[PDB]
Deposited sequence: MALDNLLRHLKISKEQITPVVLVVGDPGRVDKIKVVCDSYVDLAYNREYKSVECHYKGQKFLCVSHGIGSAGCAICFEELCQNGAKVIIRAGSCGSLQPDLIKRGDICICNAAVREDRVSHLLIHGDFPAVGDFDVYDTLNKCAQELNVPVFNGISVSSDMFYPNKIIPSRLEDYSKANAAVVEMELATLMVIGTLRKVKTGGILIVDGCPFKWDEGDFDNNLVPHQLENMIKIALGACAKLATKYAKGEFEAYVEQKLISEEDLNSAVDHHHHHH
């Protein structure tokens, strides 16, 4: 009995899920786990079950964009997911400090989408679970990988025009660290459906992927998923 977009079953959904933008990235992640079980591939949603450090968790892709990743997150949350960690890339809003290849672990986001607003009034915060943020940070410490922490702007516009000015400059003076396209949506949906969420991002651009740094980030994401998967096993 299958989920409309993900095309996996309720009983295939693990408590912990690592989510990812590029479907290609699922393939490159499962290959560094102890083993894996391919589950489904429909549209941009590729589902693979990972086995790492004695634990098991899904890794699922959602494509680019809040509306498309919302479908993913809703299907996960309405069907037994308890923890969802986003691993992806972003641009830097503090180019003096946060540089290409740097890793950012985020605790909150700017809701520059539409879905979240159709779900709850705009005054509501897009904010992550602390345990998840704490686990991610602690893993980065163990693995001896320096990270930044901060707020991400989650904006549905990648390409600005010359008519309405972009708000990236504002949000950067407001001390937002980075910009991507999915994190706020995950956070709001998670809060609404009692799922614990978090975000780890690698800087790939300076709108204002370094091979070994990407490998570190993935180690952190996977470690954190395994650490949190323990509490549910």
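Colleague: So, counting the deposited sequence from position 1, which segments are absent from the coordinates?
Modeller: 1-4, 213-222, 248-276 are the stretches of the deposited chain that have no C-alpha coordinates in the structure.
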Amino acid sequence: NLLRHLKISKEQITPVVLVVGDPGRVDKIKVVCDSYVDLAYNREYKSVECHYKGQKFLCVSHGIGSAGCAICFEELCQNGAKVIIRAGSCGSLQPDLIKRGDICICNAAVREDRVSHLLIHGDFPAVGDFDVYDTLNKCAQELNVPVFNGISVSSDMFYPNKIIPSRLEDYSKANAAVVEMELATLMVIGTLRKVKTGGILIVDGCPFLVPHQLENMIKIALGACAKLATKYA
From here on, numbers count along this sequence of modelled residues.
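Colleague: With respect to the recorded C-alpha B factors, which stretch has the higher mean value, 210-218 or 14-22?
Modeller: Comparing 210-218 with 14-22, the higher mean C-alpha B-factor belongs to 210-218.
Colleague: On mean C-alpha B-factor from the PDB entry, just flag whether 51-59 or 179-187 is the higher one.
Modeller: Taking the mean C-alpha B-factor of 51-59 and of 179-187, the larger value falls to 51-59.
Colleague: Report the option among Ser116, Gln141, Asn149, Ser154 whose CA atom has the maximum B-factor in the deposited record.
Modeller: Spelled out: the listed residue with the top C-alpha B-factor is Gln141.
Colleague: Which listed residue, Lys162, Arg111, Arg86, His121, has the largest C-alpha temperature factor in the record?
Modeller: Across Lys162, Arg111, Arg86, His121, the entry lists the biggest C-alpha B-factor for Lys162.
Colleague: Looking at the entry's B-factor column for C-alpha atoms only, identify whether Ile71 ranks in the lowest, middle or highest third of its chain.
Modeller: It falls in the bottom third of the chain.
Colleague: Tell me, lowest, middle or highest third: where does the Cα B factor of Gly198 rank within its chain?
Modeller: Its C-alpha B-factor belongs to the lowest third of this chain's values.
Colleague: Please rank the C-alpha B-factors of the chain's modelled residues and tell me whether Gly91 sits in the lowest, middle or highest third.
Modeller: Lowest third.
Colleague: Sorting the chain's CA B-factors, does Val145 end up in the lowest, middle or highest third?
Modeller: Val145: CA B-factor falls in the highest third of its chain.
Colleague: Of the three thirds of its chain by CA temperature factor, lowest, middle or highest, which one includes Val127?
Modeller: Lowest third - that is where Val127 ends up once the chain's C-alpha B-factors are sorted.
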